[PDB]
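Below you'll find the structure, written out as structure tokens, and then a few comments.
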Amino acid sequence: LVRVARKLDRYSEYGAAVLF
């Protein structure tokens, strides 16, 4: 994941494809 930004960013798209 990207370091400077996560929220509303990258963990969003992966999280919703992997977790949700």
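Following the order of the structure tokens, first chain is A, next is B, and so on, with residues numbered from 1 inside each chain and ligands from 1 in the order they appear.
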| request: Among the residues of chain A, find those DSSP assigns to helix (DSSP H, G or I) from the backbone and print them as a PyMOL selection string. | output: chain A and resi 11-18
